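Order-wise, the sequence lines are chains B and D. Count along the first sequence from 1, add 18, and you get the number used in the authors' numbering. Count along the second sequence from 1, add 437, and you get the number used in the authors' numbering. In this text, a Cβ means the ideal position worked out from N, Cα and C, and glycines have one as well.
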Amino acid sequence: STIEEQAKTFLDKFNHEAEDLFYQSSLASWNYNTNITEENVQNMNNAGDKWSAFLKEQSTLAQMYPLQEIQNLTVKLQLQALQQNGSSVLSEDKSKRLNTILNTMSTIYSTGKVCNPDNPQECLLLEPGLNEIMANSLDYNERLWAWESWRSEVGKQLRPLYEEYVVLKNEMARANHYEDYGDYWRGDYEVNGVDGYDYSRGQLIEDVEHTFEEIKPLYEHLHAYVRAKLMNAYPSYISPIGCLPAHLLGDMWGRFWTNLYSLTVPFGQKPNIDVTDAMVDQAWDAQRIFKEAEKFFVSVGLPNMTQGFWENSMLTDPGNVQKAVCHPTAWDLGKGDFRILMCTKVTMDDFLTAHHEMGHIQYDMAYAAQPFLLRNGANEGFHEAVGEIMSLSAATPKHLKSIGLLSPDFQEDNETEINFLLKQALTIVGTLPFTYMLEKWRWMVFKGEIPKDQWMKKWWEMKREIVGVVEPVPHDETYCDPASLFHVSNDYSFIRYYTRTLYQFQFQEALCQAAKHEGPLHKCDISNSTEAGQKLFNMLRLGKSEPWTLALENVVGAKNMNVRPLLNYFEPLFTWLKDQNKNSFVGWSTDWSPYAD
Amino acid sequence: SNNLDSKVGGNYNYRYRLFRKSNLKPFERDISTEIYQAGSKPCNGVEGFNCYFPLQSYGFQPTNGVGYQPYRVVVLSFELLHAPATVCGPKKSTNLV
Numbered sequence: 019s020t021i022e023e024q025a026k027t028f029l030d031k032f033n034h035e036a037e038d039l040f041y042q043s044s045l046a047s048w049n050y051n052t053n054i055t056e057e058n059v060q061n062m063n064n065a066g067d068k069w070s071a072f073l074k075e076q077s078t079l080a081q082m083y084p085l086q087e088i089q090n091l092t093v094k095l096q097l098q099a100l101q102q103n104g105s106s107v108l109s110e111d112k113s114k115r116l117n118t119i120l121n122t123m124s125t126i127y128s129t130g131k132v133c134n135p136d137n138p139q140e141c142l143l144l145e146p147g148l149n150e151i152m153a154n155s156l157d158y159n160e161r162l163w164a165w166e167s168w169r170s171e172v173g174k175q176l177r178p179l180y181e182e183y184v185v186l187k188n189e190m191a192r193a194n195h196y197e198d199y200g201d202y203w204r205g206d207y208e209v210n211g212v213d214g215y216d217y218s219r220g221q222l223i224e225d226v227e228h229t230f231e232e233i234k235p236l237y238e239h240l241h242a243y244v245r246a247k248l249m250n251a252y253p254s255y256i257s258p259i260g261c262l263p264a265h266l267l268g269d270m271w272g273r274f275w276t277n278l279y280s281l282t283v284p285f286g287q288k289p290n291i292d293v294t295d296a297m298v299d300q301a302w303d304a305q306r307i308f309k310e311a312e313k314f315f316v317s318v319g320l321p322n323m324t325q326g327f328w329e330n331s332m333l334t335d336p337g338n339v340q341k342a343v344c345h346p347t348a349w350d351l352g353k354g355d356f357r358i359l360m361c362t363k364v365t366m367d368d369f370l371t372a373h374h375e376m377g378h379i380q381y382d383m384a385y386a387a388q389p390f391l392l393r394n395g396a397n398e399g400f401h402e403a404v405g406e407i408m409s410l411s412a413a414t415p416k417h418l419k420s421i422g423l424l425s426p427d428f429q430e431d432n433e434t435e436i437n438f439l440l441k442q443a444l445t446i447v448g449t450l451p452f453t454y455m456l457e458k459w460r461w462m463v464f465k466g467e468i469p470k471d472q473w474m475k476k477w478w479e480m481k482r483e484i485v486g487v488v489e490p491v492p493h494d495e496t497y498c499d500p501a502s503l504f505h506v507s508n509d510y511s512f513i514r515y516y517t518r519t520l521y522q523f524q525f526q527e528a529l530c531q532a533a534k535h536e537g538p539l540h541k542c543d544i545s546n547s548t549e550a551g552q553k554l555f556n557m558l559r560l561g562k563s564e565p566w567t568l569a570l571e572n573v574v575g576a577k578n579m580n581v582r583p584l585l586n587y588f589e590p591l592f593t594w595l596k597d598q599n600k601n602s603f604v605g606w607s608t609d610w611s612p613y614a615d
Numbered sequence: 438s439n440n441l442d443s444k445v446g447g448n449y450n451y452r453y454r455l456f457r458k459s460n461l462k463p464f465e466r467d468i469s470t471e472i473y474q475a476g477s478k479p480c481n482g483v484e485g486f487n488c489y490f491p492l493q494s495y496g497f498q499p500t501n502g503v504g505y506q507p508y509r510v511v512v513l514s515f516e517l518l519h520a521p522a523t524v525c526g527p528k529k530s531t532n533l534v
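This is how it looks when you write it as C-alpha cells:
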C-alpha cells in the first residue's frame, strides 16, 4: 500500500540472502584459519568477493527509498548501511591506487628490519626480532638503534605512501557527505532521529579532549613515577624533571608501558597472584580451563554454551602439516554456530585469554536474534570492552580462591595490590593519552590542518605536550613516525582503544554495583552474582538496533565517555604515586631531550 | 531432522512464503507465485520497486543451530462431527476366567 512496505520487504529479502552469503565467507575463513593451505585461502577470498559484490548490487534499491519522512529507526539504520557507496564513489583508477597504497604500505611495515652498525650481517625483522629489543632488552643502544633506524628505514618510506592514502580517502569520504576521513571514523557513533540520544560526529573530538584533562592528574603522577624509575637505569640521559625518551617506552610505536614493569616494580620483594602451577598440579588441560571458565559465565547469570560450541572449537595447533592460526579470535559462523580458535596452554596467561574470547561470544550471541544488518555491535567500544570486564573480574583472587586455583592461605595486602594495580596502569594509564595523541594528529591530517611537510614537526610537538615524550635523535620533515603503525598502514581506527578503555571501567563499575561491591574496583569480583550477568545480558542483546548512548544511560550512568570509574579503579594508586613522586616532579618539561648538550 | 534433511548449500526443496497480499484462513493452502504488489505500479510478473517474489527457500544447512535447523513437524487436527466416529486407540484386554 504505502512506501513503508518496500523497505520492510526489501530488507527482509536482503536479510535472508545476505545471511547465508555472509556466513559462507565466515565459515570459509574458519576453514582457512584451521588449515592454512592454498585451497582454503582461495575459498576464503572467492567467498568474500562474492558476498562483497552482493552488497553493491543491493544498494541500487536501498537508495530508492528516501529516509527523509521515515521515523522508523529500524528501517533507517538498516538501509543506511547499504545506501552508502564508500569507495565506489571514485573511479577504478583511484580505488585501485588506494588498494595498492595499503598493500604497499602494509608490506613495508611487515618487512622492516634493523641491524647494528657493528654487525650488519644480522638484521632483525619486525616480529619477533625488533619487538623483543624494545620489550625485553634493557640495553640503551639496542633500543635506540631499533627506534631510529626503524623511523629512517620504514618511517621515511611510508611518508610518501601516506599522502595519497589521506588524499584518496578524503575524496572518498567527501563524496559520502563527510568533512574528511577523520570525520568518517567519527561517524561510527553517529545517532540521528532520537530525542535526548542524538550524537553528532564532532562530539567525539570533544569527549577525548575533556576526558584527557581528567586523565592528566593520574597520568602526570605515573609519568613522574616511570621517569624516576627509568632515570635510575639511564641517569646520564633522563632528567628528573624532563621528558621520557621515545625509545624507552617498551615498544616500537610508543603505545604501552607494559614492558617497563620489570624496570618499574613497586615492590620486587612481595609476591603476586599466579595460578600457573596450581593448574598444572591440579591436572588441568585446555578443555578444563575453558570448561571451568564457563562456570564463571553461568554463575554470574549469563547464558551457557552449546554442545556444538565446545565440540567443534580448536584447543591446540593440529601439527605443522595442517598448521592453524593460534591467535585468539572469537568467530560467529552463523545460524547459532559460534566457535573460538586458540592454542591454549596451562598458564594464567591463557586463563584470562579464554574469558576474553568467551566474552566476545557473549556479545555476539546476545543479539543473534536481531536482523542480519542489525546483528552487529553498536560501536567498536562495546565489542572489545565487554570482553575485558569478564576477564579482569576472573583475575581477582576472590574468584581463584573460590574455584580452588589460588590457595586460601595467600595473604592479601595493599602492598601486594599495588604491584598488580600499577602493572595495569602501565597498560591503561600509559596508553590513554597516546591514543588521544595519535587520533588527534590523524584527525587533523585528514581534515588538512597540518601540512604534509609539517607531519614530523607537529608530531614531535604533540609528543612533548600531550604525553611528554621526546625522540632519541631529532627528525627532519622527511620522517613520518605514526604512519609506521599497524592500524594506520592497514586502514584501521585506533580511537576504539581509547573508547574501549574508558568503557571497560564504566561497565565494570556498573557490574561491580550489580555485584553489590564496595571500595575501589581493582579488588572487584562478580563471581557467584546472578544479578551481575543478568544486567549485562540486558545490554548485550541490543546489538546495533538502538542508540549506543541509551545502552550507557541505563547501565553505566552516562551517555559519553567518563574518567570517573578510572580514578575509582586507580584510587589507591594515586596515593602511592604521590609518595614515590615526592623526590621527583609531577608531569614533565618539554625543554629536555636525551640528545641535549 | 538436521541429520536427515539438512544439505550442504541448503535444502532448496523445502521453501516457504514470506509475504502475502492477505492473511490465510485456518487450514488454508495457497501455492500461488503471484508477485506481492505494494505500490500502485504493476509488477509485470517481476519483482523490484514495491514488488517482491513472496516465496523463498530454506537455508537448511548441516551447520545450522537449534533455532535454524530443520524440524519435521506434524499437526494432528481432530473433528467432532455429528457423523459417527471411526477411530480410537486400543482397548485393554485381559485373561478369560
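So which residues of chain B does residue i contact, with C-beta pairs closer than 9 Å?
| i | result |
| --- | --- |
| D:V511 | Within chain B, no residue comes near D:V511; the closest Cβ sits about 24 Å away, beyond 9 Å. |
| D:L455 | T27, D30, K31 and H34 |
| D:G496 | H34, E37, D38, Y41 and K353 |
Considering residue i, what are the terminal residues of the beta strand (DSSP E) in which it resides?
| i | result |
| --- | --- |
| B:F356 | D355 to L359 |
| D:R454 | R452 to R454 |
| D:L492 | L492 to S494 |
Pull up the CB-CB distance for residue i and residue j, whole angstroms please, since I reckon it's below 8 Å.
| i | j | result |
| --- | --- | --- |
| B:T414 | B:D292 | Contact flag wrong, Cβ pair sits at about 14 Å. |
| B:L116 | B:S128 | With a Cβ gap of about 19 Å, B:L116 and B:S128 do not count as contacting. |
| B:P284 | B:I436 | 5 Å |
| B:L503 | B:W271 | 5 Å |
| B:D355 | D:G502 | 6 Å |
| B:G486 | B:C261 | 5 Å |
| B:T294 | B:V244 | Rounded, the Cβ-Cβ distance is 27 Å, inconsistent with contact. |
Can you say whether residue i is buried or exposed, counting buried as having 16 or more other CB atoms within 10 angstroms of its CB?
| i | result |
| --- | --- |
| residue 8 of chain B | Chain B is shown only over 19 to 615; residue 8 of chain B falls outside these bounds and no answer can be derived. |
| B:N277 | buried |
| B:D350 | buried |
| B:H345 | exposed |
| B:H195 | exposed |
| B:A372 | buried |
| B:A301 | exposed |
| B:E166 | buried |
| B:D67 | exposed |
| B:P451 | buried |
| B:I379 | buried |
| residue 16 of chain B | Any question about residue 16 of chain B goes unanswered here, given that chain B covers just 19 to 615. |
| B:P336 | exposed |
| B:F523 | buried |
| B:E402 | buried |
Below 9 Å on C-beta distance, what does residue i contact in chain D?
| i | result |
| --- | --- |
| B:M383 | Neighbours of B:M383 on chain D: none; closest Cβ ~10 Å, over 9 Å. |
Who are the neighbours of residue i on chain D, taking C-beta pairs under 7 Å?
| i | result |
| --- | --- |
| B:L351 | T500 |
| B:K31 | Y489 |
| B:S19 | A475 |
Mind checking which residues open and close the alpha helix (DSSP H) that includes residue i?
| i | result |
| --- | --- |
| B:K234 | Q221 to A251 |
| B:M557 | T548 to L558 |
| B:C530 | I513 to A532 |
| B:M383 | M366 to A384 |
| B:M408 | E398 to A413 |
| D:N440 | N439 to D442 |
| B:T294 | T294 to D299 |
For residue i, return the contacting residues in chain D, with the cut-off set at a CB-CB distance below 8 Å.
| i | result |
| --- | --- |
| B:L45 | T500 |
| B:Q24 | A475, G476, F486 and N487 |
| B:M82 | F486 |
Give the residues of chain B in contact with residue i, contact being defined as C-beta atoms less than 7 Å apart.
| i | result |
| --- | --- |
| D:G504 | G354 |
Starting from the beta carbon of residue i, find every residue of chain B whose beta carbon is closer than 8 Å, and list them in chain order.
| i | result |
| --- | --- |
| D:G447 | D38 |
Please go through the segment 304 to 349 of chain B and give each complete alpha helix (DSSP H) segment of 4 or more residues, from N-terminal end onward.
304 to 317 and 325 to 329
### Query
In chain order, which beta strand (DSSP E) runs of at least 3 residues are fully inside the segment 146 to 213 of chain B?
none
Every unbroken alpha helix (DSSP H) within the segment 443 to 510 of chain B, with a cutoff of 4 residues, ordered by chain: 450 to 465, 473 to 480 and 504 to 507
- Item | Those runs of the alpha helix (DSSP H) which lie wholly inside the segment 95 to 155 of chain B and span at least 4 residues | 110 to 128 and 149 to 153
Query - Whole alpha helix (DSSP H) elements within the segment 45 to 87 of chain B, 4-residue minimum - result: 56 to 80
*Any beta strand (DSSP E) of 3 or more consecutive residues that is wholly inside the segment 455 to 483 of chain D*: none
> Which whole runs of the alpha helix (DSSP H) in the segment 572 to 599 of chain B are 4 residues long or more, in chain order?
Replying inline: 582 to 587 and 589 to 598
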